[PDB]
């Protein structure tokens, strides 16, 4: 399915099953397919599951402008409006944790039953004056330089630390092939602009606005989005949030810990 955002950007989404809705926001160089197993799992068990390709990614249009969290958050608002969703459980992975938090901050939580932040960049990923423990901006600047030289090889090399294959996690060649295939669908421009966005955007004000049940899940072996300065802090800053730590899990844990995640999502929805 598609809808057209305010600026004319066409956004691809899937809307499966019926019942209470669960809306998924994918990570960086991924698309809505990263959620296919969670969607099948929950839609076969009485839920409606919705997942979009972020602007610039997968099957969506690739606009030059609007590659920032405020626009990402408003794109989600438009999707929710378009389908007239109510009591939605928002689920964000990695950089996609930021647009679901920012949606709540910009639009409130009247339509929202709950929030799930999976290996998410919230509440803040990069360094700030009062957050020297964040990732230094020159680290991201280097990634951008590499992406602007050869993004295809960048993505290909990113598979190992993403899935923790370099630390003994086991992920098939098939999954690695699918990951690269999907990543190459994306815009070079959106790919690089998203680094800027997740490097620099501060979601600490957003955390104070989250007034729904919230589950934070993070792998403490995550090489991409460090657990200690992201998920651990998000769970403390969000009132009433629950935290689950998957021991030694990598960033790409929707793959390596698929069944555990499916069960945790179900348990949260049935709380």
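Numbering follows the first chain given and starts at 1.
K.L.:
Quick one: higher average CA temperature factor, 39-47 or 52-60?
P.N.:
The deposited B-factors put 39-47 ahead on the C-alpha mean.
K.L.:
Mean Cα B factor from the PDB record: higher for 166-174, or higher for 187-195?
P.N.:
Averaging CA B-factors over each stretch, the winner is 166-174.
K.L.:
Checking the entry, which one of 100, 80, 120, 180 has the top C-alpha B factor?
P.N.:
The record points to 80.
K.L.:
Would the CA B-factor of residue 129 place it in the lowest, middle or highest third of its chain?
P.N.:
It falls in the top third of the chain.
K.L.:
According to the PDB entry, is the CA B factor of residue 93 in the bottom, middle or top third of its chain, that is, lowest, middle or highest?
P.N.:
Bottom third by C-alpha B-factor.
K.L.:
Classify residue 25 as lowest, middle or highest third according to the C-alpha B-factor given in the PDB entry, relative to its own chain.
P.N.:
CA B-factor rank for residue 25: lowest third.
K.L.:
Would you mind ranking residue 257 by its C-alpha B-factor against the rest of the chain and naming the third, lowest, middle or highest?
P.N.:
Middle third by C-alpha B-factor.
K.L.:
What third of the chain, by the recorded C-alpha B-factor, contains residue 32?
P.N.:
For residue 32, whose C-alpha B-factor we compare with every modelled residue in the chain, the answer is the lowest third.
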